[PDB]
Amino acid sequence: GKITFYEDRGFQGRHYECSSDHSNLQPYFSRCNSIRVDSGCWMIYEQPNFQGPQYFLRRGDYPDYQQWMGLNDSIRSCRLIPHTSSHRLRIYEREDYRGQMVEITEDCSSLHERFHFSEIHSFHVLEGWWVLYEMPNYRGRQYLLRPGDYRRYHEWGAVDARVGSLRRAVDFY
């Protein structure tokens, strides 16, 4: 993985090239207004130690923070999302894996419209890392999901229960 942060928009100003996880980016730049990702899938955060609002980045240009749907130019930590050989997850109508269920292996752009049940309250990530979005079409607040149990919203770090879309974190070979 390779990512480069720039202090000004349009890839201008002081910049820092990165190839691994950093729990504290403060020593490298005080503001981040544009990012260019050369390889790998990344999750950037507003606070150190991967805390606070999180954002997903793929290869390519992010000329402004609005490109990654950020709230401001304060990025203090980054995570290179691990690569897995596959992706698999179960979606449940009720908490604690109760109610109707569907097992998926591909992206879902609208959680409340694609299945036979519209209420969504728990997830079981069996394989691969995914990004859960608050709104449909991969927008709104984001929550990175690594393999594990998510019997209720508190488990994925949300203070809100609103969900809308789900995408697999995948990069080319």
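A residue's number is simply how far along the shown sequence it sits, counting from 1.
- Across the two stretches, 35-43 and 108-116, the PDB entry reports the greater mean Cα temperature factor for 108-116.
- Higher mean CA B-factor, judged across 22-30 and 119-127 from the recorded values: 22-30.
- Sort the chain's modelled residues by C-alpha temperature factor and residue 17 lands in the highest third, per the entry.
- Residue 155: CA B factor lies in the middle third for its chain, per the PDB record.
- In this PDB entry, residue 77 carries a Cα temperature factor that places it within the lowest third of its chain's modelled residues.
- Ranked by C-alpha B-factor against the other modelled residues of its chain, residue 71 falls in the highest third.
- Per the deposited record, the Cα B-factor of residue 89 falls in the lowest third when ranked against the other modelled residues of its chain.
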